[PDB]
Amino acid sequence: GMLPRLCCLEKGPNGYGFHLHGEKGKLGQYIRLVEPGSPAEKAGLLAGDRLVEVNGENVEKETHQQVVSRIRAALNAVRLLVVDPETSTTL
């Protein structure tokens, strides 16, 4: 499809089941290590995705800690707007 994928996760007993990682001296958070059978896997999340929005807010210019805080403060449901970095660029 033309729109970025929107992954809608409901928190489970072992969390969401994915890792979030940022680079050295550069903004942008990426998905890593999507656990098999997790809410992240069921929602369509894939390691290698770049995270663009959390619950309708753009997180491309925020620090790693700011993005983690947004995810954790949410009431156990997150909508993650993600893109494939190989084909997608922010300008």
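Rigid core here is just the name for the largest C-alpha set that superposes within 1.5 Å across the two forms. Residue positions are given as counts along the sequence shown, with the first one as 1.
Peer 1: Say the other structures are aligned on the rigid core; which stretch then has the higher CA RMS in 8 other deposited structures of this protein, 39-47 or 22-30?
Peer 2: Higher average C-alpha offset in 8 other deposited structures of this protein goes to 22-30.
Peer 1: Do the Cα atoms of 78-86 stray more than those of 5-13 in 8 other deposited structures of this protein, or is it the other way round, with the core held fixed?
Peer 2: Larger mean C-alpha displacement, comparing 78-86 and 5-13 in 8 other deposited structures of this protein, is found in 78-86.
Peer 1: With reference to the PDB entry, specify whether the mean Cα temperature factor is higher for 65-73 or for 6-14.
Peer 2: Comparing 65-73 with 6-14, the higher average CA B-factor belongs to 6-14.
Peer 1: As stated in the PDB record, which stretch has the larger average Cα B-factor, 47-55 or 29-37?
Peer 2: If you average the C-alpha B-factors of 47-55 and of 29-37, the larger mean comes out for 29-37.
Peer 1: Once the chain's modelled residues are ordered by C-alpha B factor and cut into thirds, is residue 24 in the lowest, middle or highest one?
Peer 2: According to the entry, residue 24 has a C-alpha B-factor in the chain's highest third.
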